[PDB]
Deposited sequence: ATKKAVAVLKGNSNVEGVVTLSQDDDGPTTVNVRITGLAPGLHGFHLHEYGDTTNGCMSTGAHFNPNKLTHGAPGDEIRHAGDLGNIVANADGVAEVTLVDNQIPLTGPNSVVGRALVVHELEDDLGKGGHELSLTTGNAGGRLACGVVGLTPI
């Protein structure tokens, strides 16, 4: 019933697409495909602000109304392809993440900020 997207870019080689989907006030399906990563674990987080004026730094802190989405795993080719299901990522209501940022880190679970993107509406 509701879809969002985030195009990930940053001060590095790391780039990707994340799609989020949600039926009503239910759980949220997150499709992560991110390339150019150092093989291994990487912190994947929801930051508070869709602000990209000072790179990934203007996105602020973790979105806690936490916004830690876990680690994602980059294979030997530096590709992290995974599907998450989280319950704390509303696309609706007071706590909508629409208009905030997704950030991928250099380290696991925080690390430097390789790439981010604003969470924008995509068609259903």
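A.B. asks: What are the unmodelled segments when the structure is compared with the full deposited sequence, in sequence order?
C.D. replies: Counting from residue 1, the stretches without coordinates are 1, 67-80, 125-139.
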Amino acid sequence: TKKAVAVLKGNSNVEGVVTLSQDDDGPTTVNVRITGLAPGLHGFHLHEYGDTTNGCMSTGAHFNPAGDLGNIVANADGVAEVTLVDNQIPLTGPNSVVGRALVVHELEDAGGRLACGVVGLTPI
From here on, numbers count along this sequence of modelled residues.
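Take the two forms, superpose them, and find the largest set of C-alpha atoms that agree within 1.5 Å; that set is the rigid core.
A.B. asks: C-alpha RMS from this form in 5 other deposited structures of this protein, rigid core superposed: larger for 87-95 or 66-74?
C.D. replies: After the core superposition, the stretch with higher RMS deviation in 5 other deposited structures of this protein is 66-74.
A.B. asks: Would you please confirm whether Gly111 lacks atomic coordinates in a third or more of the other entries that were compared?
C.D. replies: Comparison shows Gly111 dropped in at least a third of the other entries.
A.B. asks: Going by the B-factors listed in the PDB entry, is the mean over the C-alpha atoms higher for 77-85 or for 22-30?
C.D. replies: Averaging CA B-factors over each stretch, the winner is 22-30.
A.B. asks: Look up the CA B-factors in the entry and say which stretch, 33-41 or 86-94, has the higher mean.
C.D. replies: The stretch with the larger mean CA B-factor is 86-94.
A.B. asks: In terms of CA temperature factor as recorded, identify the highest of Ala66, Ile72, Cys56, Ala61.
C.D. replies: In the PDB entry, the greatest C-alpha B-factor among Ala66, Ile72, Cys56, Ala61 is found at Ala66.
A.B. asks: Per the coordinate record, which of the options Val17, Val14, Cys116, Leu107 holds the highest CA temperature factor?
C.D. replies: Answer, based on the entry's C-alpha B-factors: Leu107.
A.B. asks: Based on the entry's values, in what third of the chain does the Cα temperature factor of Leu121 lie: lowest, middle or highest?
C.D. replies: Its C-alpha B-factor, which the entry lists for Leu121, ranks in the lowest third among residues of this chain.
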